[PDB]
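Notes to accompany the following structure.
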Amino acid sequence: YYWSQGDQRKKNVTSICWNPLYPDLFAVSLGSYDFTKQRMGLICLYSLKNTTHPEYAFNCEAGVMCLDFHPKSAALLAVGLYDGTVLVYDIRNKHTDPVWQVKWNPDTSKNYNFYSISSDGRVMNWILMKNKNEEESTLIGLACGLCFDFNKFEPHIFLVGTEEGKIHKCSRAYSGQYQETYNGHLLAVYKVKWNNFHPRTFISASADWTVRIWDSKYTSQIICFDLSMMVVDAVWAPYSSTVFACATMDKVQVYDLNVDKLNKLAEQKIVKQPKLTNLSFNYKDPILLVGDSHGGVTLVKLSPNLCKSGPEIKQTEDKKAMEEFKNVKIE
Amino acid sequence: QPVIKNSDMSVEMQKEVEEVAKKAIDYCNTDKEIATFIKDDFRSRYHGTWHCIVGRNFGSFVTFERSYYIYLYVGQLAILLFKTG
Amino acid sequence: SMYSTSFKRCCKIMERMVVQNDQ
Amino acid sequence: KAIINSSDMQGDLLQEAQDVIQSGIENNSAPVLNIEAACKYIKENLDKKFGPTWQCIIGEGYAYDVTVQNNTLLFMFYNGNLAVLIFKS
Amino acid sequence: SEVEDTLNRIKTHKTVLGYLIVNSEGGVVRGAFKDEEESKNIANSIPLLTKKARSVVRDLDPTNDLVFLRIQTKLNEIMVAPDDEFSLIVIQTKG
Amino acid sequence: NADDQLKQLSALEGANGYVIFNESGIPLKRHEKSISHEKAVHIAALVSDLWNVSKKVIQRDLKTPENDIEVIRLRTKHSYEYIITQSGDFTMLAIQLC
Amino acid sequence: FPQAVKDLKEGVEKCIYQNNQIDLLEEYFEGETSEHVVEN
C-alpha cells in the first residue's frame with residue numbers, strides 16, 4: 266500500500303503513466319491550487335518497490351502539463367507548457397493558446413519527433429538534437459479538435475472529436491488531404507483511443523456520454539454504445555480482454571465486452587478519498603493505482619477478475635466480427 | 008564426541024586432554040583461543056613446553072616427547088597436542 | 235576522491251537500505 | 022609453479038626446499054595422492070639433509086600458529102593451489 | 058557532503074530509533090542512542106564480524122564485496138551500509 | 006514434515022543446493038553435493054562455526070542473553086542466496102538463486 | 105537405522121518452506137547498473 270501525500295494534500299492528480307523501459311517505474315503529474323506550499327507544476331517519478339513518497343522530482347515554479355517520455359527508452363522527457371511552448375529535459379541529468401496533447405514519433409535513426417495539439421486544435425510538430447529543446451524547428455497543421463488519436467499501424471493518420479459535434483480524420487502528408495469526418499453517432503467527442511489488439515479498431519467518446527467503436531475500415535461506427543461518464547478518461551485494458559473503463563466521482567464503471575453484453579460489467583465507488591482522479595493499470599499485476607482530487611495516491615488488487623484466458627485471446631477477432639454483425643443487426 | 012586417532016599419553020593424561028578440550032569448546036569459540044587454553048593448561052599442570060594445533064584440514068610431521076602426544080577429533084575438530092621441551 | 239567514492243557507495247547503500255521486507 | 026609467500030631462511034635452502042616439495046609432488050602426483058605422504062617426505066628429507074626438528078605442512082585453507090627458529094621458516098603457494106609451510110623448531 | 062545528505066535523509070526517515078555513523082574504525086561520528094557504551098560494543102565488535110564477513114565473501118572468490126549488511130530482528134532493524142571510509146548503521150522499527 | 010514436503014522443497018525453483026546438517030556438522034541430505042561433494046562439507050563446517058560466532062554475538066552485550074538465533078538468511082547477490090535456519094538439532098541451509 | 109531421525113529431519117519442513125519463500129522474496133537486490141544516455 267503506497268498512498269503518496271508528499272506535499294500532495296492540496297493538489298489534484300492530472301495524469302498517471304508507467305514506463306516501458308522500467309516496467310516497475312511510474313510517473314505522475316498533478317496540478318495544485320494552493321501556492322503556499324513547496325513549488326508549482328508537477329512531475330513526480332517513483333518505482334513500485336521504492337518508498338511511498340516520490341523518489342525523484344523536478345523542482346521549479348513552472349506549471350507543467352502535457353507530459354510524455356522518450357519512445358525507445360526513458361532518456362529524454364518532453365513537456366508541453368501552458369503557454370504553447372514546449373520543453374525537453376535530459377533524464378540522465380540532475395502564444396495565446398495552451399497545448400492540449402503531446403506525442404513522440406519514434407524515428408530510431410535520431411531524435412524523435414514531437415507533436416503538440418494546442419487548446420484551439422491546431423497541431424504543431426518538430427524535433428531538434430540540441431535539447432536546450448529549441449522550438450525554432452516547427453511545422454503547423456490545420457487541426458480543429460483537441461485530443462488527436464493516431465493510427466497504431468500507420469502513425470501518419472489521425473482522428474479527433476470536435477466541439478462542433480463531428481469526428482474529423484486526416485493525416486500527416488497533407489493537413490487537408492482527407493478532411494471528411496467520422497459520423498458514427500455524430501456527437502461532440504472529447505476522447506479517442508485504439509483497441510490495442512489485432513484490428514484497426516479505435517474508440518471515441520463524446521460529451522453526451524456516448525462511446526463509439528471507430529473501425530478504421532468503416533465510415534459508420536460499429537457499436538454505438540452508451541453510458542454516463544463517457545466524457546471522462548477511457549482506456550483499453552492491458553489484458554487480452556477488450557475491457558473498457560470510465561471513472562469520475564470516486565466511481566469506476568468497467569466493461570468486459572469479451573464475456574458479457576455492453577452493460578457495465580463492474581462498478582466501484584471508493585471511500586478512501588472523494589472524487590477519484592487519473593488511474594493506471596499495469597499488465598504485470600492487478601495492483602491498480604489511482605489518484606484522488608485531494609492529490610493523494612492509492613492502489614487496490616482484485617485478482618479474480620484478472621483474465622478469463624479462453625474467450626478473450628483468439629476469439630477477440632471473432633468478437634469484432636460479431637460487433638460488425640451487431641451493426642448488420644442495427645440495420 | 009571426542010575421537011582419539013593417535014595418542015601417546017597414559018589413559019589419565021588422555022582423559023585430561025579430552026576434558027580440557029571439552030572445557031575449551033564450552034568456553035572459547037575461536038580455534039586459537041581453544042588451543043591456547045589447552046596448551047597453557049597442560050604447560051601449567053605439568054611443566055615444560057606443550058604445543059596444540061586445532062584445525063580441520065591439516066597434516067604435519069613433528070617430534071615429541073614419549074607418551075606426550077595425541078591426535079584426536081573432539082566433536083568435529085582436529086586437535087593435535089604434544090610436548091616438546 | 236575518497237569522499238566521492240564513499241558517496242558513490244553510500245548512494246546505492248541508502249537505495250537498498252530503504253527496501254526492507256514487506257508483504 | 023612455486024609461488025613463495027613468506028621467506029625467512031637462506032636462498033640456497035630456499036632452492037633446495039622448492040626442489041624437495043617438487044620431488045614430493047612427483048612422489049605423490051595422482052588423484053590418489055595424499056598430502057600426508059609428501060609431508061613425511063619433505064620433513065624426513067630436510068632432516069637427513071639440513072638436520073632434524075623440521076616440520077612440513079601442506080594445505081590450501083587453514084590457520085596455523087607455530088613457533089619457529091629464525092632463518093628456518095618458509096611459506097608459499099602453488100598455481101595448483103598448494104599452500105606449503107615448512108619450519109624448523 | 059553526501060555523507061551529510063545521507064545522514065540527513067536517514068534522520069528524515071521516520072521509524073529510525075538509534076542512528077550510528079561510524080568510520081571504518083570503531084568511531085561513532087554521530088549516534089541517536091540513549092547510552093554510548095552500548096553503541097561502542099557494537100560499533101567495535103560488529104566491524105570485527107564485518108571483517109569476518111568480507112573474509113568469507115571473498116573466500117568464495119573475489120567476485121563480490123560486502124555491499125550491505127541489513128539485518129531485521131523482532132524488536133528492531135539494524136541497517137548496515139559498509140562504506141569505503143564509513144559504515145552507515147541505523148536502528149529502525151522493522152516496518 | 007515428511008519426504009513429500011522434502012521433494013516439494015527440492016522442486017522449489019531457483020534453489021541450487023540444499024544442505025541440511027545436524028548441529029554436529031553432518032550434512033544428512035543435500036542437493037549441492039549432487040554437483041560437488043567437497044562443497045557442502047566445507048560449507049557445513051564453516052557455517053556451523055559461523056553460527057557459533059553468531060551465538061556469541063546474539064549473546065554479547067546488546068542482544069540480551071537467552072535470545073537465540075532464529076533465522077540467519079544471507080545473500081551474496083549475483084553469486085547465490087544462502088539461508089541458515091537453526092534448529093535444536095538440525096540446521097536447514099539452502100543455496101538458492103539470488 | 106534410526107527412522108525417527110529421518111522423521112525429526114522431516115520436521116524441519118515448515119521452517120524450510122518458510123525460508124524458501126523468504127529467499128524467493130529476497131532473491132534480487134536493487135540493480136542500478138551504470139548507463140550513459142548521449143551525455144551531451
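Protein chains in written order, with the entry's author numbering: chain D, 266 to 272, 294 to 380, 395 to 432, 447 to 645; chain H, 8 to 92; chain d, 235 to 257; chain I, 22 to 110; chain G, 58 to 152; chain F, 6 to 103; chain e, 105 to 144. Ideal Cβ positions, reconstructed from N, Cα and C, are used throughout, including at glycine.
With 7 Å as the threshold, decide whether the Cβ of residue i is near any Cβ in chain d.
| i | result |
| --- | --- |
| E82(G) | no |
| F133(e) | yes |
| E139(e) | no |
| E143(e) | no |
| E142(G) | yes |
Could you tell me which residues DSSP pairs with residue i in its beta bridges?
| i | result |
| --- | --- |
| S28(I) | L95(I) |
| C77(I) | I107(I) |
| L112(e) | Per DSSP, none; premise fails for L112(e). |
| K90(H) | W57(H) |
| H482(D) | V474(D) and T495(D) |
| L316(D) | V299(D) |
| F464(D) | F472(D) |
| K118(e) | DSSP, once it has assigned bridges, lists no residue as partnering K118(e). |
| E581(D) | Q567(D) |
| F414(D) | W404(D) and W426(D) |
| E134(G) | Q129(G) and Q149(G) |
Going along the chain, which residues of its own chain have a beta-carbon closer than 7 Å to the beta-carbon of residue i, five neighbours each way excluded?
| i | result |
| --- | --- |
| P625(D) | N572 and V573 |
| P469(D) | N405 |
| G370(D) | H395, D397, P398, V399 and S418 |
| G101(I) | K22 |
| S110(I) | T74, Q76, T88, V89 and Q90 |
| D48(H) | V27 |
Could you pull out every residue in the same chain whose Cβ sits closer than 6 Å to the Cβ of residue i, ignoring the five residues on either side in sequence?
| i | result |
| --- | --- |
| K586(D) | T612 |
| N641(D) | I536 |
| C59(H) | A42, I45, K46 and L88 |
| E631(D) | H512 |
| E72(H) | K90 |
| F312(D) | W304 |
| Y78(H) | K12, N13 and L87 |
| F143(G) | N80 |
Just to check my reading of the structure: residue i and residue j have Cβ atoms closer than 8 Å, yes? What is that Cβ distance to the nearest angstrom?
| i | j | result |
| --- | --- | --- |
| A51(I) | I79(I) | So it is not a contact: roughly 16 Å between Cβ atoms. |
| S617(D) | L603(D) | Actually they do not touch by this definition, with Cβ atoms about 15 Å apart. |
| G19(F) | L102(F) | 4 Å |
| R87(G) | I78(G) | 5 Å |
For a cutoff of 7 Å on Cβ pairs, would you count residue i as touching chain G?
| i | result |
| --- | --- |
| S41(F) | no |
| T90(F) | no |
| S240(d) | yes |
| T81(F) | yes |
| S84(F) | yes |
Are the C-beta of residue i and some C-beta of chain F separated by less than 7 Å?
| i | result |
| --- | --- |
| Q21(H) | no |
| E134(G) | no |
Under 7 Å, Cβ to Cβ, is there at least one residue of chain B near residue i?
| i | result |
| --- | --- |
| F26(F) | Annotation note: the requested chain B is absent from the structure, which comprises protein chains D, H, d, I, G, F and e. |
Examine chain H for any beta-carbon lying closer than 7 Å to the beta-carbon of residue i, and answer yes or no.
| i | result |
| --- | --- |
| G30(F) | yes |
| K70(I) | no |
| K109(I) | no |
| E57(I) | yes |
Under 7 Å between C-beta atoms, does residue i make it to chain e?
| i | result |
| --- | --- |
| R250(d) | yes |
| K246(d) | yes |
| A364(D) | no |
| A361(D) | yes |
| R526(D) | no |
| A16(F) | no |
| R378(D) | yes |
Using a Cβ-Cβ cut-off of 8 Å (strictly less than) and excluding sequence neighbours within five positions of residue i, which residues of its own chain qualify?
| i | result |
| --- | --- |
| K565(D) | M543, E581, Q582, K583, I584 and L590 |
| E347(D) | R325, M326 and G327 |
Mind listing which residues of the stretch 57-69 of chain H have their C-beta closer than 7 Å to chain F's C-betas, in chain order? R63
When you check each C-beta in the stretch 113-131 of chain e against every C-beta of chain d, which residues fall closer than 9 Å? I126, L129 and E130
Listed from N- to C-terminal order along the chain, which residues in the stretch 24-47 of chain H have their beta-carbon within a distance smaller than 9 Å of any beta-carbon of chain I? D38, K39, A42 and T43
Mind listing which residues of the stretch 45-72 of chain F have their C-beta closer than 7 Å to chain H's C-betas, in chain order? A50, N57, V58 and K61
Mind checking the stretch 106-117 of chain G against chain d and listing, in chain order, the residues whose C-beta falls within less than 9 Å of any C-beta there? none
Near-chain H residues of the stretch 73-100 of chain I - C-beta to any C-beta below 9 Å: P73, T74, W75, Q76, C77, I78, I79, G80, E81, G82, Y83, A84, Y85, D86, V87 and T88
Chain e contacts made by the stretch 578-604 of chain D, where a contact means CB separation under 9 Å: none
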